[PDB]
Colleague: 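I'd like to ask some things about the structure below.
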Amino acid sequence: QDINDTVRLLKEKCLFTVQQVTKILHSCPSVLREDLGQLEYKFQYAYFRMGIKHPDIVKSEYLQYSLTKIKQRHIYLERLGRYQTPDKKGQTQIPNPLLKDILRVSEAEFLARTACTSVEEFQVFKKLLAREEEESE
Amino acid sequence: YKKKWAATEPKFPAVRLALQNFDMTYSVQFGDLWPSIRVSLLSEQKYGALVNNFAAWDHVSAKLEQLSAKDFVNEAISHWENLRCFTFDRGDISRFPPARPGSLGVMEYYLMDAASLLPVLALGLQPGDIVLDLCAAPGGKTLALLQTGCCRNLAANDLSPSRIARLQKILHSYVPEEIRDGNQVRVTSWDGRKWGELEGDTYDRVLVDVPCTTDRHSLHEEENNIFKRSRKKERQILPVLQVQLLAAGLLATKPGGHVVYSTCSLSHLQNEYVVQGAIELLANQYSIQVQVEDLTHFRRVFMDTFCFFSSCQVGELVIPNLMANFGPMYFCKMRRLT
Amino acid sequence: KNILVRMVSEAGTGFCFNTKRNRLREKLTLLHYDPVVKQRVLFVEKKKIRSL
Amino acid sequence: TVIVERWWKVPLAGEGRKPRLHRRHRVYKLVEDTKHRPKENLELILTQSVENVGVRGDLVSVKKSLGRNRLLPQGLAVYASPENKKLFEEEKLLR
Amino acid sequence: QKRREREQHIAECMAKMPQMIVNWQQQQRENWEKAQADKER
Amino acid sequence: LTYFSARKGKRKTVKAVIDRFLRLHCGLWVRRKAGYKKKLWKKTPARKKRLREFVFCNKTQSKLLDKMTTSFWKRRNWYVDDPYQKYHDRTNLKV
RNA sequence: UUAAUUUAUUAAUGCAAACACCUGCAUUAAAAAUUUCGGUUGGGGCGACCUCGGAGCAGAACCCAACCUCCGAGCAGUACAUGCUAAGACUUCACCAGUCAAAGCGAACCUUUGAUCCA
RNA sequence: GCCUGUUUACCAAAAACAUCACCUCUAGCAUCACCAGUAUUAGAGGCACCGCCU
RNA sequence: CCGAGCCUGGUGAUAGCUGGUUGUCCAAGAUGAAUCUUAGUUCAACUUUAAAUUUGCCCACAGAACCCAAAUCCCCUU
Ligand SMILES: [Mg+2]
Ligand SMILES: [Mg+2]
Ligand SMILES: [Mg+2]
Ligand SMILES: [Mg+2]
Ligand SMILES: [Mg+2]
Ligand SMILES: [Mg+2]
Ligand SMILES: [Mg+2]
Ligand SMILES: [Mg+2]
Ligand SMILES: [Mg+2]
Ligand SMILES: [Mg+2]
């Protein structure tokens with residue numbers, strides 16, 4: 001049942017093709033461990049708030065990364081103005097950084113090339129965001 | 001009325017409209033500092049704690065220091081040459097416990113933006129100096145001025161009866177009956193633009209905190225957001241009101257007296273053009289000369305607690321930073337030479 | 001803001017009356033006239049009724 | 001069994017008259033479904049030796065499923081009626 | 001029974017009441033004295 | 001209201017009136033003041049006293065209530081210890 | 001349709017129930033079903049307003065509109081008799097509601113918002 | 001607009017619809033359609049013959 | 001006579017909307033509040049009838065604010 005409902009979430013409520021679902025379960029089976037609801041939130045974060053499409057999600061294994069890390073980096077970029085949610089037309093004033101540049105890279109290169117900020121600033125932002133999530137709950 | 005239209009505007013919320021305005025202006029203004037300022041504005045705000053000099057000041061300072069906050073004000077007057085505001089170290093995000101009524105019956109401390117205290121410390125309140133607050137009635141700087149000495153007289157004016165009532169509330173909460181009833185505190189609700197005529201060359205130290213775009217609160221709160229599309233006309237006329245209020249303050253201050261123009265916005269338009277236009281208008285329409293006093297020493301003194309934008313030629317700009325989310329705050333010191 | 005609180009007689013009577021006190025203020029103890037006892041007695045705040 | 005209850009009370013009909021029902025009296029709330037009740041046991045009198053229950057003539061509380069599927073259909077047990085109890089009582093006292 | 005339980009509880013509380021009133025007033029006055037001592041410093 | 005019921009052909013009573021108003025036999029209607037139990041903490045003592053009172057109705061209000069109730073509610077009731085027994089009749093009324 | 005209300009019905013699951021099939025109960029969907037489209041103002045827009053109060057129009061009892069000209073408020077401070085009762089009155093043009101109050105009793109010696117039902 | 005075709009019987013025959021071609025998605029299977037079929041199959045959607053460069 | 005057929009029935013659907021509402025004669029009879037409300041309604045005011053008993057209108061003098069005109073209100077007489 002757990003496997004079936006994970007796959008059904010990936011297909012029905014996430015609109016991943018069958019081949020995409022096999023690719024996800026092949027690259028990162030940790031999705032199966034990850035509980036429903038949290039997985040749906042992660043995918044919708046990629047889709048709506050981040051503006052990523054299924055091909056890119058699967059290509060970058062976005063589902064592999066943790067939601068806390070994903071938020072910590074994306075919200076930092078967004079508030080910094082280096083990342084913009086694509087509009088209704090799917091366009092942005094400035095091209096967004098690539099997901100490989102956002103999540104795959106380490107904190108050093110992430111803050112040096114994509115954000116161009118300081119590690120201390122990033123730590124402060126991470127703590128602030130943790131407090132924000134705590135308050136939101 | 002024409003019901004159907006070919007195209008309608010996107011219908012942005014006021015917060016997003018303010019963000020777009022800031023992105024299109026402050027980005028140019030600040031270059032590479034704009035992303036940092038933007039993230040600081042969008043993140044939480046760092047609140048300083050101003051102890052109430054009319055309460056158990058030593059006990060409250062001890063409690064805050066136990067909470068590990070330090071009085072940045074204390075170790076600043078030494079180099080600059082009663083006010084005590086405790087703030088956490090750069091990078092620390094620790095909050096201050098909510099203020100509670102003290103043993104004397106007054107609130108122990110006021111949680112206020114530490115940036116909205118530099119204008120007070122730069123006005124240079126000398127003992128026995130008559131003080132005016134032309135429009136500053138959010139509390140804040142006003143209460144800071146009040147908690148400066150027991151041998152000084154201060155008047156606070158603001159057109160808005162609601163804001164005057166707010167000042168009264170904080171006064172009853174913090175200022176004791178002795179000082180509040182005494183003439184030391186004189187509150188009024190009149191128009192500052194005509195304050196030059198109402199009183200001229202009367203006050204020695206003036207604080208003109210003109211109504212501003214209050215960028216941080218504009219991004220935070222949707223209610224009464226100055227950047228709502230309908231209220232564009234008021235937004236556009238804000239510079240005129242700011243110039244008029246600063247001119248009224250410069251007229252009311254005594255010859256040789258001092259004024260501090262204050263703003264809670266990053267806009268160069270509302271920061272430096274306001275002061276320059278006020279100087280020009282008040283030197284032509286009134287033939288009164290005003291000199292802008294340097295605060296570079298003040299900048300260096302408070303560099304540790306605040307980050308300042310240096311490119312601003314006139315005045316001082318506390319820009320918010322993630323390490324110290326205290327800004328924004330623009331303040332300019334002006335001495336009336338005639 | 002202020003909160004409406006139920007001051008309950010310390011005289012053992014079931015008598016209670018509602019007062020208004022600041023939320024940040026300490027819990028209230030107040031002399032008040034108890035009709036049943038017919039004498040001024042202490043009343044202690046028991047519980048917060050509402051926030052106003 | 002599904003047990004239901006009218007949401008709307010039916011006005012009394014009388015002694016010999018029959019209650020008159022209306023559209024609102026066809027609305028029900030499920031007060032209980034008996035199938036979800038905790039299982040009870042069946043009292044049976046054994047006739048043949050059966051493992052882990054008894055030998056013969058001893059009243060036994062067996063799960064209704066077992067009693068109705070194995071014991072009774074196969075004749076290994078009989079209902080604990082008063083008649084069966086009496087007959088097995090004479091059987092016991094005749095030994 | 002309920003009436004007499006109420007009556008006896010009221011009697012006990014009334015017996016204690018003047019002492020409690022005096023103690024509360026004394027506590028308020030001593031708090032005010034402490035405030036003045038703090039003002040003196 | 002219902003001037004002719006579908007089952008009896010009679011005039012019906014608006015029970016919302018019966019739940020709110022007292023009829024004194026002479027023809028007067030008594031009522032409570034609206035809001036007499038609402039947010040008393042913000043009402044001055046005089047306002048609370050005014051609100052805690054039992055109040056008579058207009059002539060037109062009384063006529064409306066008379067129309068909305070049937071003759072059963074407009075009869076003499078000899079209750080045991082009615083607090084309104086004295087108020088059920090008028091005295092020294094000139095026109 | 002990201003309007004409101006539902007999931008009866010199907011499809012999934014889960015829990016019981018009978019030892020694949022089926023019944024009941026939940027959850028999520030799909031499919032649908034029912035129902036609504038406040039008011040005043042604004043021709044070249046991208047809305048504003050809706051309750052209460054102060055000033056002028058409306059000069060002198062009361063009363064008087066507007067897309068009319070201006071301003072203000074959604075409470076606080078205080079105390080905790082800021083209690084209870086009660087003649088007689090006012091009243092926002094109705095009602096609802098809202099005001100004032102002698103005498104008396106009891107302690108002492110105050111200055112705006114909203115009904116009913118329902119909980 | 002690839003084409004021949006279709007359409008608003010009764011105001012529109014068209015550039016609209018369909019169309020071979022191509023792409024995408026779904027399906028591993030039998031006794032009432034699909035189908036007495038089985039991935040070179042079937043269902044659905046998009047696009048538009050075709051051909052050349054990016 | 002298809003943005004959802006036709007017939008029968010529910011059905012005398014509902015309509016704050018339009019139209020119509022038939023003998024004679026006399027008499028009295030005219031310009032606020034709330035409301036999913038301004039094409040309506042309820043209360044008031046006005047209006048009609050009947051009844052009770054006793055003042056009603058007009059109305060001079062006296063009287064009705066400081067701040068900063070025409071008149072009005074009130075009522076002995078008449
Ligand atoms: Mg009236
Ligand atoms: Mg063609
Ligand atoms: Mg045709
Ligand atoms: Mg044809
Ligand atoms: Mg033709
Ligand atoms: Mg036909
Ligand atoms: Mg009809
Ligand atoms: Mg006539
Ligand atoms: Mg309504
Ligand atoms: Mg209508």
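Here is the naming used below: chain letters follow the sequence lines, and residue numbers restart at 1 for every chain.
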Colleague: Would you classify C:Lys1 as touching base, sugar-phosphate or nothing, given that sugar-phosphate means primed atoms plus P, OP1 and OP2, and contacts are heavy atoms under 4.0 Å?
Modeller: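 Touches nothing.
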Colleague: Select one nucleotide: of H:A27, G:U13, G:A16, the one nearest the side-chain heavy atoms of A:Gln1.
Modeller: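 Selected nucleotide: G:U13.
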Colleague: For G:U13 and A:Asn4 - does any side-chain N or O of the residue sit under 4.0 Å from the phosphate oxygens OP1/OP2?
Modeller: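 The answer is yes; a side-chain N or O of A:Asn4 sits under 4.0 Å from OP1 or OP2.
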Colleague: Going by a 90° cut-off around 0, is G:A26 syn or anti?
Modeller: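 You should classify G:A26 as anti.
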Colleague: Tell me, which of residues 46-53 of chain F have any heavy atom that sits under 4.0 Å from an atom in RNA chain G?
Modeller: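 Those residues whose heavy atoms fall under 4.0 Å from RNA chain G, taken from residues 46-53 of chain F in numerical order, are F:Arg47, F:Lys49, F:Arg50, F:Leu51, F:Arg52.
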Colleague: Please determine, by modelled atom types, if E:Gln19 and E:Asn23 share a side-chain donor-acceptor pair under 3.5 angstrom.
Modeller: yes
Colleague: Specify the closest pair of heavy atoms between D:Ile3 and D:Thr34, including all atoms of both residues, with the distance to one decimal.
Modeller: CD1-OG1, 3.8 Å
Colleague: What interatomic distance, in whole Å, is found between P of G:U51 and the corresponding atom of I:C73?
Modeller: 33 Å
Colleague: Classify the nucleic acid contact of F:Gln61 as base, sugar-phosphate or nothing, counting any heavy atom under 4.0 Å across all strands shown.
Modeller: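 Sugar-phosphate contact only - F:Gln61 comes under 4.0 Å of backbone atoms but never of a base.
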Colleague: Are the charged groups of B:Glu197 and B:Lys194 less than 4.0 angstrom apart, N to O?
Modeller: yes
Colleague: Give me the ring orientation class for F:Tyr87 and F:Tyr84: parallel if the planes are under 30° apart, tilted from 30 to 60°, perpendicular past 60°.
Modeller: tilted
Colleague: Given side-chain contact (heavy atoms from CB on, under 4.5 Å), test A:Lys11 with A:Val21 step by step and report yes or no.
Modeller: CA-CA 7 Å; A:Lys11 288 183 180 180; A:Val21 165; 3.8 Å; yes
Colleague: With a non-hydrogen cut-off below 4.0 angstrom, is F:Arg31 in contact with a base, only sugar-phosphate, or nothing?
Modeller: sugar-phosphate
Colleague: Is G:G43 syn or anti, taking syn as a glycosidic angle within 90° of 0?
Modeller: syn
Colleague: Looking at the angle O4'-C1'-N9-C4 for a purine or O4'-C1'-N1-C2 for a pyrimidine, is I:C76 syn or anti, with syn meaning within 90° of 0?
Modeller: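 I:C76: syn.
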Colleague: So does A:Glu34 pair up with A:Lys42, basic N to acidic O under 4.0 Å?
Modeller: yes
Colleague: With D:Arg6 as the cation and D:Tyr28 as the aromatic partner, state whether NZ or CZ is under 6.0 Å from the six-membered ring centre and within 45° of the axis.
Modeller: no
Colleague: What's the closest nucleotide to the B:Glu9 side chain, out of G:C95, G:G43, G:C46?
Modeller: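 Side chain of B:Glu9 sits closest to G:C46.
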Colleague: Are D:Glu32 and D:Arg37 ion-paired here, with the side-chain N under 4.0 Å from a carboxylate O?
Modeller: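 Yes, this pair counts.
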Colleague: Any side-chain donor-acceptor pair under 3.5 Å between D:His25 and D:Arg23?
Modeller: no
Colleague: Answer with base, sugar-phosphate or nothing: what part of the nucleic acid does F:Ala16 contact at a heavy-atom distance below 4.0 Å?
Modeller: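 F:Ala16: no heavy atom of the nucleic acid under 4.0 Å.
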Colleague: Quick one: which of G:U23, G:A108, G:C25 gets closest to the side chain of C:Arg40?
Modeller: G:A108
Colleague: Could you tell me how far G:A87 sits from G:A65 if I compare only their P atoms? Round to whole Å.
Modeller: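 Straight-line distance between the two P atoms is 38 Å.
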Colleague: Syn or anti: how is G:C93 classified when any glycosidic angle within 90° of 0 counts as syn?
Modeller: syn
Colleague: If you measure only the distance, is there a donor-acceptor pair under 3.5 Å linking the side chains of B:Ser218 and B:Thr213?
Modeller: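 Not at all, the side chains of B:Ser218 and B:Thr213 share no donor-acceptor pair under 3.5 Å.
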Colleague: Suppose you measure atom P in G:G83 against the same atom in G:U99; what distance do you get, rounded to whole Å?
Modeller: 15 Å
Colleague: Taking H:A16 as the reference, what is the distance to H:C10 when you measure between their P atoms (whole Å, please)?
Modeller: 23 Å
Colleague: For atom P, what is the distance between G:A103 and G:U116, given to the nearest Å?
Modeller: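 To the nearest whole Å, 34 Å.
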Colleague: Pick base, sugar-phosphate or nothing for F:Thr44, based on heavy-atom distances below 4.0 Å to the nucleic acid.
Modeller: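 No contact.
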Colleague: At under 4.0 Å between heavy atoms, what does B:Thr8 touch on the DNA or RNA strands: base, sugar-phosphate, or nothing?
Modeller: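 Base contact.
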Colleague: What nucleic acid atoms does B:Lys169 come within less than 4.0 Å of, heavy atoms only: base, sugar-phosphate, or nothing?
Modeller: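 Answer is sugar-phosphate: B:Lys169 comes under 4.0 Å of backbone atoms only.
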Colleague: Say we look at G:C95 and I:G32: how far apart would their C1' atoms be, to the nearest angstrom?
Modeller: 13 Å
Colleague: Given the P atoms of G:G74 and G:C63, what is the spacing between them in whole Å?
Modeller: 27 Å
Colleague: In terms of the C1'-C2'-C3'-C4' torsion, is I:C57 a north or a south sugar?
Modeller: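 Since its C1'-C2'-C3'-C4' torsion is positive, the sugar of I:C57 is on the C3'-endo, or north, side.
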Colleague: With rounding to whole Å, what would you report as the distance between H:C17 and H:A42 at their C1' atoms?
Modeller: 25 Å
Colleague: Side chains of B:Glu108 and B:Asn52: donor-acceptor distance under 3.5 Å anywhere?
Modeller: no
Colleague: Contact class for D:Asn69 (heavy atom, under 4.0 Å): base, sugar-phosphate, or nothing?
Modeller: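 Answer is sugar-phosphate: D:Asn69 comes under 4.0 Å of backbone atoms only.
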Colleague: For RNA chain G, what residues of residues 9-27 of chain C have any heavy atom nearer than 4.0 Å?
Modeller: C:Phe17, C:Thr19, C:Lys20, C:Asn22
Colleague: Tell me whether the sugar of G:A81 sits north or south, going by the sign of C1'-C2'-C3'-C4' (positive is north, negative is south).
Modeller: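 With a negative torsion about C1'-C2'-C3'-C4', the sugar belongs to the south class.
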